[PDB]
Each structure stands twice: as C-alpha cells, then as structure tokens.
Amino acid sequence: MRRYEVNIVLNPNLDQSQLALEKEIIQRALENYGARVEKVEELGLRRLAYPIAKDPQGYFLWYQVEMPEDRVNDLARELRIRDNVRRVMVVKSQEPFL
Amino acid sequence: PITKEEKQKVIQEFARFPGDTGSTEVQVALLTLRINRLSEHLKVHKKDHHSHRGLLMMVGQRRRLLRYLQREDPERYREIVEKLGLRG
Amino acid sequence: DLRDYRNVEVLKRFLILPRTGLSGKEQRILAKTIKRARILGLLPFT
RNA sequence: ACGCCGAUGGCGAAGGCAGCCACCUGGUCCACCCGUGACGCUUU
RNA sequence: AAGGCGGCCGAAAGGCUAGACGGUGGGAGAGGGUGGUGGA
C-alpha cells in the first residue's frame, strides 16, 4: 500500500448527470484497484494555459488514496479510457517542501 | 521490493540466537533472498545488464561468505549449506 | 511549498527563470513541480 | 529535437545516462553503535 | 577458475575491533529495465 495523488482533468462541458457519472466511474475504478480514498478535492473548472481538447478550460479533480503500488499503472490505464478524461496523472504523495 | 517484515522472517530463521542479525548465516540467507528475487526480476527484463552485473557480484559475495564459514567453522557451514538448500 | 504543483498563483511567479532567488536545491525541485503543472495544462510551456 | 531549468551540478565499472508518471531493479552516502568478527583488496 | 597484498595481540593455533559485510533509521542521484503519456 502507498500514498499517491490522482489528479484528473475532465471535459468541462458535461452536465450534472454526465459529470456525476464520470465521477461514479472513477470511484469504482479507485475501488476496484484497491484504492481507499483518503480525501477528494474538486477545484472544478480552471482557465488552463494552452488548449486541451480545443477547450481552453477544464474541470479539475484530485483524490488522495491508499493503494498497492503494483496496481497504480493499471488504475491509470483504467481512468484514461473514458472519452471525457483527457488527462490523468498519478503521483507518489510527498510531504510539502518548505 | 523486499520489506522489513519479510526480512526479519528470514533473520529469525537463521539467527544463531535471539538478537543475532549479522552472523554469516543470517548474512548468507539474506543475500539469498536478494539473489532470489533479483533472478526472478531478471527472468523478465532480460535487457537490464546493469543490474544483472549486481546479481553477479551478489552471487560472488555469497560464495566468499560461505568459503569463509566452511573455512573458519566447518561446523556451521554444515547446516547452513543444507538449510538453504544451497550448493548441490 | 515548492512541491505543490497546483499553486499557479505562486508558481506563476517563477516563469523557467534561472537561479529566482532559489537555491541549488530549491530550484530543480521547483522545476519538477513546474513541469508537472504544465502537463496539467496549469502552466504554459511557451 | 525532447527547450527553459542544466551548473565550475548528478549518476555509472566502462560505453555512457536529460520531458513527465508509475512500477521493477543495481550501486552509493550519513547516523547508531545493535550483530558477525578481518569474512578484505586485487592480477591474468 | 591459478597468483600476490591484507590492521591490532600471538611463535602458532587462535583471538580482537578500527576494515568488510549484516541490522535499524535517514539522504541525493539524466544508474539499468518495463509500461505509459506530453510537448516540440
């Protein structure tokens, strides 16, 4: 088990229901690959700095989890599938520097 | 990798007494664990020459530890060679 | 926190400027953060 | 190109190694002083 | 696989810990390998 940070940029133009679904998907995933979620953050839309999928704005997710290092790559693969997930970046958690 | 728990599991098995963590016996067992998981690692990754070099050197040190025991204490080299199902 | 790759607010500031009163060790750490933000599209490559 | 960061910088036994992420894995450093007790270095 | 050199005490056998390795706790790294994804 280890501490990672998930990070997800999702298409911004979805609807309450589409959005809720993607999030419902992400969570079974998280669950299926043995990740226990410690905490979730949803900064949502953000101006960006260069065009991603043409849209110059994305919906930002996050989650801090606990899972078997050997499945982190599998998980990321999972999460990438979805056409609304246009950016997934997992990272080993680390204490803040300074 | 190899964890502290599974490691002491190996230490208690070979310790010469309780609190022994560096006796030739333990030292050899522990390297065997390392060798073992490295060979498996290398069973795939047939292209990791660098770390394969590390195996070679691990295998060499083990021999030297053994040769040493066998030399300075035939008594202990006995069991150890056996309990580790090492040699031939 | 030179590690928090989402603080565009602060990170914005160092755009990669050469040693930025940052030290040899602070920098680099910075840089990786900055390079992580970028992928997120948070910060700009150019 | 794999920019900027990149350095009188770092790693490796040599050749050599530079986007970022994860995983597998080799070497190395400081501390303690807990264990074994010279078990080390090296030449062809 | 065959050969030199090797700290302290001892004639030697052997002993000793300061060398080596191990235990535990930290550190830096474009060291190797696999799988990915991002820009130019």
Side-chain angles (χ1 to χ4, degrees), chain A residues 2 4-7 9 33 49-52 67-80 85-93, chain B residues 1-2 4-5 7-8 10-12 14-73 76-77 80, chain C residues 2 5 11 14-20 22-41 43-46:
Chain A
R2 178 152 206 172
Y4 297 93
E5 285 184 44
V6 168
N7 274 295
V9 162
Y33 289 98
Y50 58 97
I52 299 188
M67 70 170 294
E69 347 67 8
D70 46 286
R71 303 194 64 178
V72 178
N73 274 300
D74 292 322
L75 177 59
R77 192 195 191 306
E78 202 63 325
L79 314 184
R80 300 176 185 286
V85 188
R86 29 192 75 172
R87 197 116 321 176
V88 169
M89 168 172 105
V90 189
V91 163
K92 295 134 68 196
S93 302
Chain B
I2 256 39
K4 52 300 303 182
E5 23 277 9
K7 186 140 76 174
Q8 60 154 172
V10 177
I11 301 186
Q12 286 165 180
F14 298 83
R16 281 215 286 258
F17 60 88
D20 172 39
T21 55
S23 80
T24 312
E25 285 87 353
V26 177
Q27 290 189 61
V28 175
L30 234 34
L31 218 189
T32 311
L33 203 187
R34 311 195 56 201
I35 291 177
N36 284 177
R37 75 154 192 174
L38 207 212
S39 316
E40 297 169 359
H41 158 76
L42 289 169
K43 203 175 181 67
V44 168
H45 301 114
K46 312 208 167 69
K47 300 178 183 184
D48 191 340
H49 312 317
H50 286 67
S51 79
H52 183 291
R53 173 172 188 277
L55 213 208
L56 257 23
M57 315 203 299
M58 288 183 162
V59 182
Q61 172 76 83
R62 182 170 64 173
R63 271 158 189 159
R64 290 178 242 141
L65 290 168
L66 289 162
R67 172 206 305 169
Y68 167 73
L69 239 197
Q70 177 185 213
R71 158 156 45 78
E72 221 63 36
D73 196 343
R76 292 176 161 138
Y77 177 73
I80 182 77
Chain C
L2 281 161
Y5 54 66
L11 297 196
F14 310 72
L15 282 190
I16 306 183
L17 299 170
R19 316 207 296 102
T20 152
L22 283 197
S23 79
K25 188 169 179 208
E26 301 177 297
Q27 191 95 330
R28 202 327 76 164
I29 261 187
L30 173 71
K32 221 178 197 194
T33 292
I34 292 191
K35 300 180 173 191
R36 279 179 158 187
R38 288 186 186 153
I39 302 173
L40 292 189
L43 290 166
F45 293 67
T46 202

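A, B, ... follow the sequence lines: proteins, then strands. Residue 1 opens every chain. These numbers come from the heavy atoms of this one structure, side chains and all, not from hydrogens, waters or symmetry mates.
Remark: RNA chain E forms stems of 3 or more consecutive Watson-Crick or G-U wobble pairs, all pair distances under 3.5 Å, at D:19-25 with E:31-37, D:28-32 with E:23-27, D:34-36 with E:20-22, D:40-44 with E:1-5, E:7-9 with E:14-16.
Residue-level contact check: B:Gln61 touches the backbone only, with heavy atoms under 4.0 Å from sugar-phosphate atoms and none from bases. Nucleic acid contact class of C:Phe14 (heavy atoms, under 4.0 Å, all strands): none. At a threshold of 4.0 angstrom between heavy atoms, the contacts of B:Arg67 with the nucleic acid are absent. If you check every strand for non-hydrogen atoms under 4.0 Å, B:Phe17 touches sugar and phosphate atoms only. Within 4.0 Å (heavy atoms only), C:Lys35 reaches at least one base atom of the nucleic acid. Among the heavy atoms of the strands, none lies under 4.0 Å from B:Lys46. Here B:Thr21 lies in heavy-atom contact (under 4.0 Å) with a base. Using a 4.0 Å heavy-atom cutoff across all strands shown, B:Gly22 reaches at least one base atom of the nucleic acid. Using a 4.0 Å heavy-atom cutoff across all strands shown, A:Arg71 reaches no nucleic acid atom at all. Using a 4.0 Å heavy-atom distance criterion, B:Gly19 is classed as a sugar-phosphate-only contact.
For A:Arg87, the listed nucleotide lying nearest its side chain is E:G39; candidates were E:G39, D:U36, D:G6.
Less than 4.0 Å separates RNA chain D from at least one heavy atom of each of the following residues of residues 25-37 of chain B: B:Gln27, B:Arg34, B:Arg37.
Base pairing annotation: D:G12 forms no Watson-Crick or G-U wobble pair, as no partner gives both donor-acceptor distances under 3.5 Å.
The base of E:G32 sits with one of its N or O atoms less than 3.5 Å from a complementary donor or acceptor on the side chain of B:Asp48. Put simply, the side chain of A:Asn73 and the base of E:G35 share a donor and an acceptor less than 3.5 Å apart.
In this structure, the side chain of C:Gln27 engages the main chain of C:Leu17 through a donor-acceptor pair within 3.5 Å.
C:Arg36 contributes atom CZ, which lies 9.0 Å from atom CG of A:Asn7 (distance to the nearest 0.5 angstrom). Rounding to the nearest 0.5 angstrom, the gap separating the CG atom in B:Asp73 from the CD atom in B:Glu25 is 8.0 Å.
Comparing D:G16 with E:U37, their P atoms sit 32 Å apart, to the nearest whole Å.
Comparing C:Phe45 and B:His49 along RNA chain E, the residue whose closest nucleotide (by nearest heavy atom) sits nearer the 5' end is B:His49.
Under the 5.5 Å centre and 30° plane thresholds, E:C9 stacks on its strand neighbour E:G10.
The interatomic distance linking C:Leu11 (CG) with D:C4 (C1') rounds to 15 Å, in whole Å.
OP1 or OP2 of D:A13 sits under 4.0 Å from a side-chain N or O of B:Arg53.
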Inset, instruction - Show the numbers, then the answer: is there a side chain to side chain contact (heavy atoms under 4.5 Å, CB included) between B:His45 and B:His41? - result: CA-CA 7 Å; B:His45 301 114; B:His41 158 76; 3.2 Å; yes

